[PDB]
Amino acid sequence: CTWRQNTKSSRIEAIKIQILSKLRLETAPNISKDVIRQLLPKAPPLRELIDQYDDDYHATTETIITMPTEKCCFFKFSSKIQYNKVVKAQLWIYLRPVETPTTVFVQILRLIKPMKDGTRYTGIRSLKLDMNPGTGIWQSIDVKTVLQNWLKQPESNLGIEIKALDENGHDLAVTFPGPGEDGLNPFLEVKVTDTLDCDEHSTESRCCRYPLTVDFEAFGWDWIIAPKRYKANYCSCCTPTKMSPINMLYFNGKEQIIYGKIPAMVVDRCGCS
């Protein structure tokens, strides 16, 4: 009856542990709901990912959003090479609504180390945009090749400057100094494509893979033409974690010989469950 209910709490604690292990996280992240509210961006790529809802073991990362470290924006990511696998990289910025129709000039500059000539900056995108009152807009800037150079050589990234201004030079900032602005900060959207046997006589480390050969000729199952034998193996909860198929050529006893692929016939790896 309800013996399972007691065990149910410990199954949930086990899944928690397994989730952290599949992620690659030593501890559960400590983030307040308030801080989540501040950092979660209210932008198209996140509304796309959220709106959908409403190495065998490890998790595979498809997309990474990096917020600014800590001042116009610096991005720090320990993201591990993968220029080659970095499929796309976009800087997302939100331009706040304006009061009157105004044309807004945006320039986004990569910093480089100051020299005599070409002091301070390089240039990534410059925009001229016409805004009407009441609505702000999100802009997505391709920075794939830029971001790759940063990963290839850290210390070549000093961050970026973003300027936004009207025809006369007055500033109208993209940087929001208030509690009421939530999810409105800039962010970087990067898409990437990341990817115990024993002897028959061995006294095991409990869970282990043990050899087992199935000989159809031995059972007088002569209808199977090929394989005559195969290595199935077994585990000694200690259970198979990974299996492979075999192909079989056999008589079905209906005047037909069939050649077929039989899934999950061979145990390749076992693990504890």
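For every residue, the number given is its place in the sequence shown, counted from 1.
Coordinates are given for every residue of the deposited sequence from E48 through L49, so that no gap is recorded there. According to the record, 10 or more deposited residues between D54 and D55 are left without atomic coordinates.
For the pair 108 to 116 and 131 to 139, the mean Cα B-factor is higher in 108 to 116. Higher mean CA B-factor, judged across 28 to 36 and 227 to 235 from the recorded values: 28 to 36. Within the selection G178, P186, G169, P101, the deposited Cα B-factor values reach their highest point at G178. In this PDB entry, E70 carries a Cα temperature factor that places it within the highest third of its chain's modelled residues. The entry lists a Cα temperature factor for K254 that places it in the middle third of the chain's modelled residues. In this PDB entry, the Cα temperature factor of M265 sits in the bottom third of its chain's modelled residues, the lowest group.
Residue-level temperature factors show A173 in the highest third of its chain, judged at the C-alpha atom. Among the modelled residues of its chain, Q90 has a C-alpha B-factor that falls in the middle third according to the deposited record.
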